[PDB]
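# Residue-level structural notes
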Amino acid sequence: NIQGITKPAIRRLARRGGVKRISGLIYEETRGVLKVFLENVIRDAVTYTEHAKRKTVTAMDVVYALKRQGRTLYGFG
Amino acid sequence: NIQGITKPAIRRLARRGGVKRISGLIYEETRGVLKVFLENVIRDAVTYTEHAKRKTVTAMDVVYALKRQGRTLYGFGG
Amino acid sequence: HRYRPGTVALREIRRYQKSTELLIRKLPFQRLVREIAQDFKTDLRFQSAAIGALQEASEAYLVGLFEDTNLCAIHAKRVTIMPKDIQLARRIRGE
Amino acid sequence: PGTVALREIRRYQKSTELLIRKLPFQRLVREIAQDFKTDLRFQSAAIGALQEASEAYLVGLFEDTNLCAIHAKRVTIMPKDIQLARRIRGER
Amino acid sequence: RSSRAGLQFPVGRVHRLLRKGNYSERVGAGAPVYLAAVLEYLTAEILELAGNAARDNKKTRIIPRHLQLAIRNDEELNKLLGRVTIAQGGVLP
Amino acid sequence: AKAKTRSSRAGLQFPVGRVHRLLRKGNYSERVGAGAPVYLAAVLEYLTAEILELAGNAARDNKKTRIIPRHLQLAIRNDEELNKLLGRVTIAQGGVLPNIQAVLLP
Amino acid sequence: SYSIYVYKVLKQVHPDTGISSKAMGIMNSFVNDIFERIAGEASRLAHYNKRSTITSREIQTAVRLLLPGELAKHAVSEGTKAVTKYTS
Amino acid sequence: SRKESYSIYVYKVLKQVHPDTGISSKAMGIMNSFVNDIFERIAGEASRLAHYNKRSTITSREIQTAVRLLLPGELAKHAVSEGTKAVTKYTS
DNA sequence: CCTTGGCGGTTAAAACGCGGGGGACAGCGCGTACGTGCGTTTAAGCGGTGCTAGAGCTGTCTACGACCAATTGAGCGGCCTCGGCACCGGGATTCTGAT
DNA sequence: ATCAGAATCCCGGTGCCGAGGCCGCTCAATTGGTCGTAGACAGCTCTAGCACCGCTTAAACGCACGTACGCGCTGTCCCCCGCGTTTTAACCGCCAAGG
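Residues numbered from 1 in each chain as written, not as in the entry; some residues may be left out. Chains lettered and ligands numbered in written order. Part of a larger assembly, values for the part shown. Heavy atoms only, no water.

- Per the deposited record, determination of this structure is attributed to cryo-EM, with the resolution reported as 3.7 Å.

## Re the overall build of chain H
- Scanning chain H from N- to C-terminus turns up four helices and two strands.
- Counting from the amino terminus, helix and strand elements in chain H follow one another as α-β-α-β-α-α.
- For chain H, the spread of C-alpha atoms along the three principal axes comes to 45 × 30 × 30 Å.
- Per-residue burial over chain H gives 51% buried out of 92 residues.
- As displayed, chain H has an accessible area near 4,500 Å², and 50% of this comes from carbon and sulfur atoms.
- Computing the positive centroid from 14 side-chain charges and the negative centroid from 8, chain H places the two 3 Å apart. (Helix = DSSP H or I, 4+ residues; strand = E, 2+ residues; numbered from the N terminus. Buried < 20%, exposed > 50% of the residue type's maximum accessible area, 1.4 Å probe, protein only. Areas by Shrake-Rupley, 256 points an atom, 1.4 Å probe, with all protein chains shown as cover. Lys, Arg positive; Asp, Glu negative; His and termini not counted. Charge placed at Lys NZ, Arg CZ, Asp CG, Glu CD.)

## Considerations on a positive patch on the surface
- Residues D:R92, E:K79, E:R83, F:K84 and F:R88 make up a contiguous surface patch of positive charge.
- When you line up the elements, D:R92 lands in the segment after helix 4 (79-89).
- Classification of D:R92 as exposed rests on a relative accessible area of 58%. (Patch = residues over 30% accessible without salt bridge, like charges linked within 9 Å, V, L, I, M, F, W, Y side chains within 5 Å. Salt bridge = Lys/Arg side-chain N within 4 Å of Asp/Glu carboxyl O.)

## A few points about the pattern of salt bridges
- All chains considered together, the criterion is met by 32 salt bridges over all chains.
- Note that C:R90 is salt-bridged to C:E95, the shortest N-O span being 2.9 Å.
- Classification of C:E95 as partly exposed rests on a relative accessible area of 42%.
- With its nearest N and O atoms 2.4 Å apart, the salt bridge here joins H:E45 to H:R48. With H:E45 and H:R48 both in helix 2 (residues 25-52) and three residues apart, the pair spans about one turn of that helix.
- You can call H:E45 buried: its relative accessible area is 3%.
- Given the relative accessible area of 33%, H:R48 is considered partly exposed.

## What to know about the protein's contact with DNA strand I
- Close to DNA strand I lie 31 residues; C:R2, C:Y3, C:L27, F:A34 and H:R2 are nearest.
- Here the atoms of DNA strand I within 4 Å of the protein split so that 100% fall in sugar or phosphate, with bases taking the remainder.
- Interatomic distance of 3.5 Å between a backbone N/O atom of C:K26 and a phosphate oxygen of DNA strand I.
- Measuring from a sugar or linking oxygen of DNA strand I, one finds a backbone N or O atom of F:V32 at 3.4 Å.
- Secondary structure elements with two or more residues in the surface near DNA strand I: helix 1 (7-16) of chain B, helix 2 (26-38) of chain C together with strand 1 (31-32) of chain F.
- Residue classes in the surface near DNA strand I are distributed as nine nonpolar, three polar and 19 charged. (Near = heavy atom within 4 Å. Polar contact = N/O pair within 3.5 Å; in protein donor to acceptor, adjacent residues only side chain to side chain. Nonpolar A, V, L, I, M, F, W, Y, C, P; charged D, E, K, R; others polar.)

## Some thoughts on the interface of chain G and chain B
- If you look at the interface, chain G gives nine residues, while chain B gives nine residues.
- Taken together, the two surfaces of chain G and chain B that pack against each other cover about 930 Å², and 54% of this comes from carbon and sulfur.
- If you sort the residues of chain G by the area they bury against chain B, G:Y48, G:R57 and G:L65 come out on top, with a joint share of 60%.
- Going through the elements one at a time, helix 2 (21-48) and helix 3 (56-66) of chain G are the ones with two or more residues in the side of chain G that touches chain B.
- Ranked by residues supplied to the side of chain G that touches chain B, first place goes to helix 3 of chain G with five residues.
- Among the residues making up the side of chain G that touches chain B, the classes are represented as four nonpolar, two polar and three charged. (Contact = heavy atoms within 4.5 Å. Buried area = accessible area lost by both parts, 1.4 Å probe.)

## Looking at the side chain of B:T49
- Inspection of the secondary structure puts B:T49 in helix 2 (residues 26-51).
- Take B:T49: its relative accessible area is 0%, and that puts it in the buried class.
- At 2.8 Å, the side chain of B:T49 forms a polar contact with the side chain of B:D61.
- The contacts of B:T49, once residues within four sequence positions are left out, are B:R54, B:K55, B:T56, B:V57, B:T58, B:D61 and D:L40.

## A look at the packing of aromatic side chains
- Evaluated as defined, the whole model comprises 18 aromatic pairs over all chains.
- Taken together, a centroid distance of 6.0 Å and an interplanar angle of 45 degrees make the contact between F:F14 and H:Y9 tilted. With F:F14 in the loop between helix 1 (6-10) and helix 2 (16-24) and H:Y9 in helix 1 (residues 7-17), the pair connects residues from two separate chains. (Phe/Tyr/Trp six-rings, centres within 6.5 Å; stacked < 30°, edge-to-face > 60°.)

## Details of helix 2 of chain G
- Counted at 1.5 Å a residue, the expected span for helix 2 of chain G with its 28 residues is 40 Å, and the 41 Å between its end C-alpha atoms agrees.
- Regarding helix 2 of chain G, its N-cap is G:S20, as a side-chain oxygen of that residue lies 3.2 Å from the backbone nitrogen of G:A23 further along. (Expected span 1.5 Å × (residues − 1).)

## Examining the interface of chain E and chain G
- Between chain E and chain G, the contact holds 52 residues from the first and 55 residues from the second.
- Interface area, chain E with chain G, both sides summed: about 4,800 Å², of which 73% is carbon and sulfur.
- Among the residues chain E hides against chain G, the three largest losses belong to E:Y23, E:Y34 and E:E76. Together they make up 17% of the total.
- On the surface where chain E and chain G come into contact, there are zero salt bridges.
- Counting the contacts that link chain E with chain G gives 19 residue pairs in polar contact.

## Brief notes about the protein's contact with DNA strand J
- Taken together, 34 residues surround DNA strand J, and among them A:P8, C:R34, D:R27, F:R21 and H:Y11 come closest.
- For DNA strand J, the fraction of protein-proximal atoms (within 4 Å) that sit in sugar or phosphate groups is 100%.
- With respect to DNA strand J, the backbone of C:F46 contributes an N or O atom lying 3.3 Å from a phosphate oxygen.
- Contact distances for DNA strand J include 3.3 Å between a phosphate oxygen and a backbone N or O atom of H:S25.
- Breaking the surface near DNA strand J down by element, the ones donating at least two residues are helix 1 (7-16) of chain A, helix 1 (3-14) and helix 2 (22-34) of chain D together with helix 1 and helix 2 of chain F.
- Each residue belonging to the surface near DNA strand J can be placed in one class, and the counts come to six nonpolar, eleven polar and 17 charged.

## Some details on the packing of helix 2 of chain C against helix 3 (residues 48-75) of chain C
Residue and element names in this part refer to chain C.
- It is the contact of helix 2 with helix 3, at a shortest axis distance of 10 Å, that shows an interaxial angle of 100 degrees. The orientation of helix 2 with respect to helix 3, classified from their angle, is roughly perpendicular. Between helix 2, through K26, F29, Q30 and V33, and helix 3, the contact on the second element is made entirely by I51, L54, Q55 and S58. (Axes fitted to C-alpha atoms, helices over the stretch in contact; angles between N-to-C directions. Parallel < 35°, antiparallel > 145°, perpendicular 65-115°, else oblique.)

## Notes on the environment of E:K20
Residue and element names in this part refer to chain E.
- Structurally, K20 is set in the loop between helix 2 (11-19) and strand 1 (26-27).
- A relative accessible area of 54% places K20 in the exposed class.
- Linking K20 and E76, residues 56 residues apart in sequence, is a C-alpha distance of 31 Å.

## Some remarks on unusual backbone geometry
- Residues other than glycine seldom take positive phi values, yet D:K73 does so here, at roughly 60 degrees.
- Looking at where D:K73 falls in the secondary structure, it is placed in the loop between helix 3 (44-71) and strand 2 (76-77).
- The backbone of F:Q93 sits at a positive phi, close to 55 degrees, despite the residue not being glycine.
- One can find F:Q93 in the segment after strand 3 (89-91).
- F:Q93 gets classed as partly exposed once you look at its relative accessible area, which sits at 26%.

## Describing helix 2 of chain B
- The terminal C-alpha atoms of helix 2 of chain B lie 38 Å apart, and with 26 residues this matches the ideal 38 Å at 1.5 Å per residue to within 8%.
- Just beyond helix 2 of chain B, the residue with positive phi is B:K53, at close to 55 degrees.

## Details of the side chain of B:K20
- Counting through the fold element by element, B:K20 comes out in the loop between helix 1 and strand 1 (21-22).
- For B:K20, which is buried and forms no salt bridge, the nearest opposite charge comes from D:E8, at a distance of 12 Å.
- With near-sequence residues (within four places) excluded, B:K20 lies in contact with B:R15, D:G2, D:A5, D:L6, D:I9, D:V75, F:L104 and F:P106.

Listed below in structure tokens is the structure:
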């Protein structure tokens, strides 16, 4: 499913990041990075979800996980 | 007193940091950086000291400043 | 009379820095998230806002990373970002 | 040129002693602190804490700086490298 | 309360949140007034700049983009929120 | 009856009673469970054990019988998960891990 | 939420300006965030000094620790001013 | 007035894992720093956990979840084992 | 006849002075993957349809938590012992310059 | 290929402040009695969501042909490195200016 994060999408992200030219090897690299990031957040998020004795990950679970990674997110409270 | 942080001392620090070769402009640069660093920690430290109505900066004040700056320091809680 | 190499890229930079919309397609992101989540805890559900939060966070992270990556490439006198640049950026970030 | 440098790297990475002279560091700290509040005193452990923290910080910074120099196919660290490292750190 | 302190932000609510926030065993009378004042001030600064941004873009309403522009183009607000992600804020050109 | 400590009952070396008191007066919650300080004391004890294990190993590697801060640094930094846990922590008098760029080497 | 108070402030500084729902959500996130930073720091300040009461003095010191430069000065001014007015 | 540290407990643990090994005063100071740090991290996270779920009581479950959030991987699993075993034994 | 100034000096560490070495900037020339314009087959956007799933709320039953008086184990003051590794001087081994 | 030169690691010989151990007292942990509010358990509604689908198409990889980006080497010039001279960064133990 990692391949669902397509090349163009990554190019768009890089463009927003101000990148003018992109190596072919970037995309796979990026996917790896993305995967890791997600694994780190979701893990913590789910932990919160299970502490609340729930089966549904809420926006707040995610917010708390991000917050605890020092990746504070505004707009989903 | 920032000049008391000599070229040789900075060279030693860089060596511990694994640096093999050093541009001449580095030292002054380093002095700037360190200066800023100190200003940020000491400021907070003094703030704590002022909050406690003390005239003596304690090790704990420094430790708290470092902690709130995300620079947690071990070994001075005693 | 085709455009010069390095013009459409720049134009795109302008375009996407001028907007705020999510740049990754919803469904593949959803699938990826649920897949990864299955490996931690089973029979999970997700609020749509939860997935949305994850996507905003992920895309913001990737964009910032690409800024730093770009700075590394430019530092090496290049205009082209390489995995090497990303790895340097991530190492200095403490990632 | 380089051999003694490498020697020094091995030497100082092997040891743990403070690399900045105690008394001048003490002076620097008291000067800077004097600029926030006057007639301050210091526990000796406070200054020691400041020096341990400062040197660990500078050393780490020099690691990252070194990586920045090497990335640019150089062996010599320059102010550019420090600035890149600190920018990516979110210090600037 | 808030009327007496000359504030818009709720002094009573802030006080209650302090009491139940597991911060201290007791909470002084002036603490929630002070805190409410600070929060209102910061809110006012951000809404000021973000409102100005909205005028530039010719939209009466304020959207997250305007908040992002306002915050990132202000040095001290930017430092204050250096580790914060504003959803749908995008980045500075 | 004859007094028996909570730490003894829990099979721990770390002080459950003290941990409980610190929880109570740390303004963390209005109430505290009995098991909470037991659990916490156990975790703290365990972590202490892992770090002392590795640091002791490092101390013996240097033909040393006394653990010094250097040994703690070696222990923490050469262990991936401890390094993660203490990624933002400075160990006074710890120095750094020996590490030179192989490429730089002649 | 702080929505009604944020709105009131908005009407003070820009009488003819509104705000989207998302942006309001971001303002709410902001207010809660700064609340936690300041209250948390004040809590630690109180604990370090073995005081059981958080007062306006802890709030002020916490503000000086957390806020940069001019924001700190102005916020401190507003806080003290509000406490003085409330007290009167 | 009385002064307190984790020193004797750290020592006991040390004698458990390395019967013939001692420890400097400074290293002991670093261990005390460590224990206090992790204490604050876990207790703080557990406090937040209790608050998020509208609970007035911190229990071993809050402590456990906090341990899972704060510690990485195997360290977390092992810590969880130690904690759970200690509580189960204590109750009995 | 009673107060508190700066040269004078044990320790050790780098700006000048001359000879010496390793590395950066621009071009020669090579090697090449995407720019720009198309061509094809697939999963997402939008809106439908069926369905099985637990969070907030309320009532039972239970019980450790918090607070207010006795009772007891113990960590360091005060000593009283016991000891770990660097300083001094010397033997054996090793990268680097030189032939 | 080898041969010579300063720096590195451990061994006779040992001691001084760091580390470990008795006696015991006031502080911290435990026992005991009384409210008492909080946790685990059990029941009930239906809304936000899960899984596959109809209509539609934007879109990612490959084709055709070429060029500025990346890189190794050449020609040049361009900046650190080592030992002798000491000194004010400091720190100690004696003169001479107003009372």
